[PDB]
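The data block below is run_19.cif; it holds mmCIF, C-alpha atoms; chains and numbers go by the auth columns.
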```
data_upload
loop_
_atom_site.group_PDB
_atom_site.id
_atom_site.type_symbol
_atom_site.label_atom_id
_atom_site.label_comp_id
_atom_site.label_asym_id
_atom_site.label_seq_id
_atom_site.Cartn_x
_atom_site.Cartn_y
_atom_site.Cartn_z
_atom_site.B_iso_or_equiv
_atom_site.auth_seq_id
_atom_site.auth_asym_id
ATOM 1 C CA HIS A 1 -18.394 38.895 8.322 0.00 6 A
ATOM 2 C CA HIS A 2 -17.347 36.541 5.521 0.00 7 A
ATOM 3 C CA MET A 3 -14.547 37.517 3.137 0.00 8 A
ATOM 4 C CA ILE A 4 -11.906 36.270 0.705 0.00 9 A
ATOM 5 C CA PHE A 5 -8.520 34.947 1.796 0.00 10 A
ATOM 6 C CA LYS A 6 -5.233 34.446 -0.021 0.00 11 A
ATOM 7 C CA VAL A 7 -3.727 31.137 1.061 0.00 12 A
ATOM 8 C CA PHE A 8 -0.012 30.684 0.490 0.00 13 A
ATOM 9 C CA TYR A 9 0.437 26.908 0.538 0.00 14 A
ATOM 10 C CA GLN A 10 2.832 24.162 -0.492 0.00 15 A
ATOM 11 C CA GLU A 11 1.708 20.860 -1.942 0.00 16 A
ATOM 12 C CA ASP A 12 2.343 18.027 0.504 0.00 17 A
ATOM 13 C CA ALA A 13 0.612 15.331 -1.587 0.00 18 A
ATOM 14 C CA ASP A 14 2.087 13.514 0.091 0.00 19 A
ATOM 15 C CA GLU A 15 5.544 12.118 0.865 0.00 20 A
ATOM 16 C CA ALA A 16 8.656 12.011 -1.354 0.00 21 A
ATOM 17 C CA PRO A 17 10.942 14.820 -0.255 0.00 22 A
ATOM 18 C CA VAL A 18 11.301 17.433 -3.007 0.00 23 A
ATOM 19 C CA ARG A 19 11.565 21.211 -3.168 0.00 24 A
ATOM 20 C CA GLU A 20 7.991 22.413 -3.672 0.00 25 A
ATOM 21 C CA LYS A 21 6.742 25.563 -5.374 0.00 26 A
ATOM 22 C CA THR A 22 4.767 27.834 -3.066 0.00 27 A
ATOM 23 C CA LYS A 23 1.287 28.164 -4.592 0.00 28 A
ATOM 24 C CA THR A 24 -1.652 30.492 -3.934 0.00 29 A
ATOM 25 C CA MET A 25 -5.390 29.961 -3.491 0.00 30 A
ATOM 26 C CA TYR A 26 -8.283 32.393 -3.208 0.00 31 A
ATOM 27 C CA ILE A 27 -11.056 31.055 -0.993 0.00 32 A
ATOM 28 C CA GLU A 28 -14.167 32.357 0.748 0.00 33 A
ATOM 29 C CA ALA A 29 -14.518 31.845 4.510 0.00 34 A
ATOM 30 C CA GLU A 30 -15.695 33.400 7.785 0.00 35 A
ATOM 31 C CA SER A 31 -12.207 33.674 9.239 0.00 36 A
ATOM 32 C CA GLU A 32 -8.722 32.222 9.237 0.00 37 A
ATOM 33 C CA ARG A 33 -9.775 29.249 11.360 0.00 38 A
ATOM 34 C CA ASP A 34 -12.567 28.587 8.876 0.00 39 A
ATOM 35 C CA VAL A 35 -10.016 28.488 6.038 0.00 40 A
ATOM 36 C CA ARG A 36 -7.939 25.852 7.825 0.00 41 A
ATOM 37 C CA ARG A 37 -11.116 23.870 8.495 0.00 42 A
ATOM 38 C CA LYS A 38 -12.142 23.954 4.822 0.00 43 A
ATOM 39 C CA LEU A 39 -8.683 22.819 3.688 0.00 44 A
ATOM 40 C CA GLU A 40 -7.966 20.193 6.369 0.00 45 A
ATOM 41 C CA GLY A 41 -7.887 16.723 4.839 0.00 46 A
ATOM 42 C CA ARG A 42 -6.445 18.100 1.608 0.00 47 A
ATOM 43 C CA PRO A 43 -2.818 17.119 0.967 0.00 48 A
ATOM 44 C CA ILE A 44 -1.343 20.606 1.350 0.00 49 A
ATOM 45 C CA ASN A 45 0.627 22.641 3.881 0.00 50 A
ATOM 46 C CA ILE A 46 -0.493 26.220 4.535 0.00 51 A
ATOM 47 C CA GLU A 47 2.417 28.648 4.893 0.00 52 A
ATOM 48 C CA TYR A 48 0.380 31.795 5.429 0.00 53 A
ATOM 49 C CA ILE A 49 -3.215 33.012 5.222 0.00 54 A
ATOM 50 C CA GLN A 50 -3.866 36.615 4.178 0.00 55 A
ATOM 51 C CA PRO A 51 -7.214 38.389 4.535 0.00 56 A
ATOM 52 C CA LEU A 52 -8.093 40.355 1.362 0.00 57 A
ATOM 53 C CA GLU A 53 -10.132 43.482 2.042 0.00 58 A
ATOM 54 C CA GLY A 54 -12.463 44.512 -0.791 0.00 59 A
ATOM 55 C CA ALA A 55 -11.916 41.173 -2.531 0.00 60 A
ATOM 56 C CA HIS A 56 -14.632 39.129 -4.256 0.00 61 A
ATOM 57 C CA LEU A 57 -15.290 35.944 -6.222 0.00 62 A
ATOM 58 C CA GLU A 58 -17.421 35.683 -9.379 0.00 63 A
ATOM 59 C CA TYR A 59 -20.643 34.268 -7.879 0.00 64 A
ATOM 60 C CA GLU A 60 -21.415 35.493 -4.363 0.00 65 A
#
```
How does the structure come out when it is put into structure tokens?
Amino acid sequence: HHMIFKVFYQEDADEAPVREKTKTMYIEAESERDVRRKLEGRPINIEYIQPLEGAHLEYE
């Protein structure tokens, strides 16, 4: 039951307090938890994860 997710995230990278632009990322995963797993260790802060029904990437 894998699908595509829209990740609303802000760049942490890393410390130096500024107003950040909320960015978006489209990523394949098994679930929301799997998204967080895939992106842990990357210098970003996830605001919200959105499942995208009927969504696809180029090479599946």
Inset, instruction - Would you kindly return, as a list in words, each protein, DNA or RNA residue with an atom no farther than 8 Å from any atom of residue A:17, considering only C-alpha atoms and excluding same-chain residues fewer than 6 positions away? - result: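 Returned residues: residues 48, 49 and 50 of chain A.
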Legend entry - Atomic distance atom CA of residue A:65 - atom CA of residue A:32, expressed in Å with one decimal: 11.8 Å
Legend entry - Hits of the PyMOL selection byres ((chain A and resi 55) around 8) in this structure, as a PyMOL selection string: chain A and resi 10-13+53-54+56-57
I'd like the box whose edges run along x, y and z of the file and which contains every listed atom of stretch 30-36 of chain A, padded by 8 Å per side; could you state its centre and edge lengths in Å, one decimal, as JSON?
```
{"center_x": -10.5, "center_y": 31.8, "center_z": 2.9, "size_x": 26.3, "size_y": 19.7, "size_z": 28.7}
```
Legend entry - Point-to-point distance from atom CA of residue A:23 to atom CA of residue A:42, Å rounded to tenths: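 Those two atoms sit 26.0 Å apart.
Residues in contact range of residue A:7, defined as at most 8 Å between only C-alpha atoms, with sequence neighbours fewer than 5 positions away removed, read residues 33, 34, 35 and 36 of chain A.
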Inset, instruction - Go through A:46, A:18, A:31, A:39 one by one, measure the shortest atom-to-atom distance of each to residue A:63 using all atoms listed in the file, and give the residue with the smallest value. - result: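 Looking at the shortest contact to residue A:63, the residue is A:31.
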Inset, instruction - Measuring atom to atom with all atoms listed in the file, identify which of A:43, A:28, A:9, A:37 is nearest to residue A:62. - result: A:9
Legend entry - Distance of atom CA of residue A:21 from atom CA of residue A:41, expressed in Å to one decimal place: 23.5 Å
Inset, instruction - Can you turn the PyMOL selection byres ((chain A and resi 26) around 8) into a concrete residue list for this file, as an MDAnalysis selection string? - result: chainID A and resid 15:16 24:25 27:28
What would stretch 33-54 of chain A look like if you wrote it out as a short mmCIF file (atom, residue, chain, number, x, y, z; two decimals), in the first residue's frame, with N, CA, C and O atoms included, from the block I just posted?
```cif
data_model
loop_
_atom_site.label_atom_id
_atom_site.label_comp_id
_atom_site.auth_asym_id
_atom_site.auth_seq_id
_atom_site.Cartn_x
_atom_site.Cartn_y
_atom_site.Cartn_z
N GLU A 33 7.83 9.15 -2.28
CA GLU A 33 7.17 7.86 -2.19
C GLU A 33 7.47 7.20 -0.84
O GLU A 33 8.58 7.30 -0.33
N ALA A 34 6.47 6.54 -0.27
CA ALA A 34 6.62 5.86 1.01
C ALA A 34 5.44 4.94 1.29
O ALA A 34 4.44 4.97 0.58
N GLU A 35 5.57 4.12 2.33
CA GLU A 35 4.52 3.17 2.70
C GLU A 35 3.46 3.81 3.57
O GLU A 35 2.34 3.31 3.67
N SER A 36 3.82 4.91 4.22
CA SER A 36 2.95 5.55 5.19
C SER A 36 3.60 6.81 5.70
O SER A 36 4.73 7.12 5.35
N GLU A 37 2.89 7.52 6.57
CA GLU A 37 3.39 8.76 7.12
C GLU A 37 4.65 8.51 7.94
O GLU A 37 5.65 9.22 7.81
N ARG A 38 4.62 7.48 8.78
CA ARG A 38 5.77 7.15 9.60
C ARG A 38 6.99 6.89 8.72
O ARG A 38 8.10 7.31 9.05
N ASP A 39 6.76 6.21 7.61
CA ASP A 39 7.83 5.89 6.67
C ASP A 39 8.43 7.16 6.05
O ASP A 39 9.63 7.22 5.81
N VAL A 40 7.60 8.18 5.82
CA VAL A 40 8.10 9.46 5.34
C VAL A 40 9.07 10.06 6.36
O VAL A 40 10.19 10.44 6.02
N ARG A 41 8.64 10.13 7.62
CA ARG A 41 9.47 10.73 8.66
C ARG A 41 10.78 9.97 8.78
O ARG A 41 11.84 10.58 8.95
N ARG A 42 10.72 8.65 8.67
CA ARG A 42 11.91 7.81 8.71
C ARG A 42 12.89 8.19 7.61
O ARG A 42 14.08 8.40 7.86
N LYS A 43 12.37 8.28 6.38
CA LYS A 43 13.18 8.59 5.20
C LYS A 43 13.84 9.96 5.29
O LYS A 43 14.93 10.16 4.74
N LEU A 44 13.19 10.90 5.97
CA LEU A 44 13.67 12.27 6.05
C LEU A 44 14.36 12.62 7.38
O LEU A 44 14.83 13.74 7.56
N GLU A 45 14.42 11.67 8.31
CA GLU A 45 15.11 11.93 9.57
C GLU A 45 16.60 11.97 9.26
O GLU A 45 17.08 11.21 8.42
N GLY A 46 17.33 12.87 9.91
CA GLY A 46 18.74 13.04 9.64
C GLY A 46 19.00 14.12 8.60
O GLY A 46 20.14 14.54 8.41
N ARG A 47 17.95 14.55 7.92
CA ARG A 47 18.06 15.67 6.98
C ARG A 47 17.66 16.96 7.69
O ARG A 47 16.69 16.97 8.45
N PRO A 48 18.40 18.05 7.44
CA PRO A 48 18.22 19.26 8.25
C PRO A 48 16.96 20.04 7.88
O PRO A 48 17.04 21.17 7.39
N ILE A 49 15.81 19.42 8.12
CA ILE A 49 14.52 20.04 7.83
C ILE A 49 13.54 19.78 8.96
O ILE A 49 13.74 18.88 9.78
N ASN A 50 12.48 20.58 9.00
CA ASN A 50 11.39 20.41 9.96
C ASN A 50 10.07 20.25 9.22
O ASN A 50 9.61 21.18 8.54
N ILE A 51 9.47 19.08 9.34
CA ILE A 51 8.19 18.78 8.71
C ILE A 51 7.05 19.48 9.43
O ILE A 51 6.86 19.30 10.63
N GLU A 52 6.28 20.27 8.68
CA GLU A 52 5.11 20.94 9.24
C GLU A 52 3.89 20.03 9.14
O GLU A 52 3.10 19.94 10.08
N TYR A 53 3.76 19.37 8.00
CA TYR A 53 2.58 18.59 7.69
C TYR A 53 2.87 17.61 6.54
O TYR A 53 3.58 17.95 5.60
N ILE A 54 2.31 16.41 6.66
CA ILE A 54 2.44 15.39 5.63
C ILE A 54 1.04 15.11 5.10
O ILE A 54 0.11 14.89 5.87
#
```
